[PDB]
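Please treat every number below as a calculation from the coordinates, not as lab data. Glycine gets a Cβ as well: all are built from the backbone with ideal geometry, and neighbour counts include every protein chain shown.
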Amino acid sequence: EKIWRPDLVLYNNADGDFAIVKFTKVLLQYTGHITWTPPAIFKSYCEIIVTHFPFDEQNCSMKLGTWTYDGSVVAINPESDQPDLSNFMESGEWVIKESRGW
Amino acid sequence: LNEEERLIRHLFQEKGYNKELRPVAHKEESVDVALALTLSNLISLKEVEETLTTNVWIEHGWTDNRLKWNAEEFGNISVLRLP
Amino acid sequence: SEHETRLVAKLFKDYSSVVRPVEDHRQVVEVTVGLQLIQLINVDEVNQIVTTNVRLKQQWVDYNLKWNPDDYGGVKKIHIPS
Amino acid sequence: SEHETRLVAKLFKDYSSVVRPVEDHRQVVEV
Amino acid sequence: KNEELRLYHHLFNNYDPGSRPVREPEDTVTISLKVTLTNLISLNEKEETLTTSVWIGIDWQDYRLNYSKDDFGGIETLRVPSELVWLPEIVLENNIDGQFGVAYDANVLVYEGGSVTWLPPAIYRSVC
Ligand SMILES: *[C@@H]1O[C@H](CO)[C@@H](O[C@@H]2O[C@H](CO)[C@@H](O)[C@H](O)[C@H]2NC(C)=O)[C@H](O)[C@H]1NC(C)=O
Ligand SMILES: *[C@H]1O[C@H](CO)[C@@H](O)[C@H](O)[C@H]1NC(C)=O
Ligand SMILES: CC(=O)OCC[N+](C)(C)C
């Protein structure tokens with residue numbers, strides 16, 4: 001809470017929080033590098049195509065961006081081409097066939 | 001309320017009241033706290049959740065000897081309402 | 001409004017929100033209370049609860065929050081956090 | 001930690017969380 | 001030496017967010033209003049409640065926050081937290097759940113010439 005942070009907001013928030021509300025600590029190196037890894041519950045809006053239900057495939061998106069800073073003052077870059085699923089808990093109802101960040 | 005303002009200033013600013021410390025002369029002493037409960041209304045008892053919802057008023061009484069004053073010296077004030 | 005800034009600084013220099021706002025502690029604070037019912041949200045017959053949306057208008061005089069408008073550029077009213 | 005206490009006091013003596021954290025305003029914060 | 005810091009100190013060293021931005025008490029502040037609907041979440045008919053996601057754009061002039069880019073290295077926009085500036089305090093009056101304000105308190109953008117813009121997002125549950 002004491003430092004400047006980027007104001008990332010979930011554009012397609014449906015009925016949750018738009019921004020980060022759980023302000024966990026940042027790790028600061030002597031070089032000024034900051035790593036901040038807050039948690040969040042994203043309640044995003046997804047168009048659910050029910051045509052093949054219960055054999056249906058869905059494509060749920062999460063659009064994230066700095067709300068009040070444009071690209072000329074703050075630039076966001078993906079850490080990797082894909083979301084990190086290393087700690088993902090297995091779902092008893094869904095299988096993630098694909099995942100990608102653009 | 002010149003008198004209530006003066007009394008509050010005397011009790012808290014002048015004497016240096018510290019709300020973090022208990023009202024005791026020595027640490028080994030204990031503070032007597034008397035409790036009573038008034039049931040305003042029994043809202044519900046949910047069986048599936050096994051939960052009782054009640055509206056209660058909790059009457060607390062204790063003594064804080066740091067908050068003592070002689071009323072005649074402060075316009076015969078006998079009681080104060082404080083946050 | 002520089003006048004309002006100076007006014008608010010003066011009004012809350014030695015102000016106490018704990019103390020009742022009249023000149024003598026033997027005097028009573030006179031409060032006018034009015035209720036505005038905006039909506040009757042729901043009647044719960046099981047738990048016997050009526051939920052309503054209301055506005056609770058409260059009017060009273062604060063003795064220590066007076067000023068002369070001429071000394072503050074004609075400012076006759078201000079908005080203050082409750 | 002006395003060293004970390006002193007460092008934390010020093011870092012936030014004249015710190016501002018309002019402006020973007022760049023030496024020059026024409027630089028872009030890379031996130 | 002970041003010029004944003006100098007501009008911020010110039011604009012906010014002596015500034016009262018409690019007072020309206022009017023030179024005289026009898027002047028009026030004009031607020032240019034825009035409401036952008038991004039999604040109609042639902043209409044719950046049992047509770048008679050419309051849930052919508054919007055952005056409330058409000059623009060106005062604050063003469064106290066007036067600055068020229070030439071005096072501050074060409075800065076044309078400064079982002080500051082909305083709590084540091086006066087706001088008109090726009091609320092949804094016909095809300096049903098008691099939530100009057102916006103969902104996320106975004107920064108205001110202060111443009112040269114004293115032009116303040118605020119575009120927070122909001123989830124509103126309104127009576128219908
Ligand atoms: C912000 O300041 C500038 C001046 O730097 C104001 O522009 C002036 O507008 C007036 C007429 O009202 C002219 O006579 C001037 O020539 C302009 N500038 C100068 C330097 O004289 C501008 O109006 C201000 N914005 C406000 C008041 O919000
Ligand atoms: C308290 O002091 C006042 C002023 O001396 C006196 O008139 C009054 O009788 C005293 N006692 C009470 C109970 O008011
Ligand atoms: C400047 C500002 O607050 O803009 C918010 C809207 N957005 C994220 C689409 C640009």
Check your understanding: At a Förster radius of 25 Å, what calculated FRET efficiency corresponds to the Cβ-Cβ distance of residue C:38 and residue A:43, to the nearest 0.05?
Key -> 0.30
Review point. Say a paramagnetic label sat at a point 7 Å from the Cα of residue B:34, along Cα to Cβ; which residues of segment B:44-70 have their backbone N under 14 Å from it?
Key: B:59-64
Exercise for review: Let me have the 222 nm mean residue ellipticity of chain E computed from DSSP H runs of 4+ only, each contributing -39500 (n - 2.57), with the sum over all residues rounded to the nearest 500.
Suggested key: -2500 deg cm²/dmol
Review point. Which of the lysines could a cross-linker span from residue D:10 if the Cα-Cα distance has to be under 20 Å and same-chain partners fewer than 8 positions apart are dropped?
Key: A:2, A:25, E:1
**Study point:** For residue A:64, distant residues with modelled amide H under 5 Å away
**Key:** A:11
Check your understanding: Looking only at GluC sites (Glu not before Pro) in DSSP loops with at most 12 other Cβ atoms within 10 Å, what is the longest site-free stretch of chain B?
Key -> B:51-83
Exercise for review: Report, in whole Å, the centroid distance computed from the Cα atoms of segment C:23-46 and segment A:74-91.
Suggested key: 53 Å
Practice item. Within segment E:38-128, report the chymotrypsin sites (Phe, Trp or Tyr not before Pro) that DSSP leaves as loop and that have at most 12 other Cβ atoms within 10 Å. Key: E:100
Review point. Given 10 Å bins starting at zero, what is the percent of C-alpha pairs of segment B:1-61 in each, up to the one with the largest pair distance?
Key: 16, 22, 25, 21, 13, 3
Review point. Relative contact order (percent) for segment E:63-128, with alpha-carbon contacts under 8 angstrom and 6 or more residues of separation?
Key: 40 percent
Revision key, fill the gap. Scalar couplings 3J(HN,Hα) for segment B:3-14 by Karplus 6.51 cos²θ - 1.76 cosθ + 1.60 (θ = phi - 60°), nearest whole Hz, x for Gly and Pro, are 6, 5, 4, 5, 5, 5, 4, 5, 5, 9, 7, 5
**Study point:** Whole-Hz couplings from phi, Karplus 6.51/-1.76/1.60, listed for segment E:51-67; x for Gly and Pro
**Key:** 9, 9, 10, 9, 10, 9, x, 10, 10, 7, 10, 10, 5, 5, 9, 7, 8
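In Å, the Kirkwood hydrodynamic radius of chain C over pairs of distinct alpha carbons?
Details: mean 1/r = 0.0612 Å⁻¹.
16.3 Å is the Kirkwood radius here.
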Check your understanding: Looking only at other chains, what is the average number of their beta-carbon atoms within 10 angstrom of each beta-carbon in B:74-83?
Key -> 2
Review point. What residues qualify as long-range amide H neighbours of residue E:39, i.e. H under 5 Å apart, gap of 5 or more or another chain, H built at 1.01 Å from N?
Key: E:53
Review point. Helix E:3-12 sits at what angle to the longest principal axis of chain E, using alpha carbons and giving 0 to 90 degrees rounded to 10?
Key: 80 degrees
Point to revise | In sequence order, calculated HN-Hα J values of segment A:36-48 (Karplus, 6.51, -1.76, 1.60; Hz; x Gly/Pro) | key: 10, 10, x, x, 7, 10, 8, 9, 8, 9, 10, 6, 9
Exercise for review: Could you pull out every residue, at least 5 positions away or on a different chain, whose amide H is within less than 5 Å of the one on residue C:39? Hs are placed 1.01 Å off N in the peptide plane, and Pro or chain starts have none.
Suggested key: C:53
Exercise for review: DSSP loop (so not H, G, I, E, B), at most 10 other Cβ within 10 Å: list which chymotrypsin sites (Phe, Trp or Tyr not before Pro) in segment A:1-67 pass both filters.
Suggested key: A:30, A:55
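Quantify how strongly other chains surround peptide D:12-25 by giving the mean number of their Cβ atoms within 10 Å of each of its Cβ atoms.
Values: counts 2, 0, 1, 3, 7, 6, 12, 12, 10, 6, 5, 2, 5, 13.
Per residue, the average neighbour count from other chains is 6.
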Practice item. Just need the relative contact order of chain B here, percent rounded to a whole number, with Cα pairs under 8 Å and 6+ apart. Key: 32 percent
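Take every Cα-Cα pair in the protein assembly as shown and report what % of them are more than 28 Å apart. Please list the in-between numbers first.
Details: 63871 of 90525 pairs.
Pairs farther apart than 28 Å: 71 percent.
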**Study point:** Angle in degrees between helix C:2-11 and the longest Cα principal axis of chain C, rounded to the nearest 10
**Key:** 80 degrees
Point to revise | All-pairs Cα distance distribution in chain E, expressed in whole percent, bin size 10 Å | key: 12, 37, 28, 16, 7, 1
Review point. Across peptide A:64-74, how many C-beta atoms of other chains are within 10 Å of each residue C-beta, on average?
Key: 5
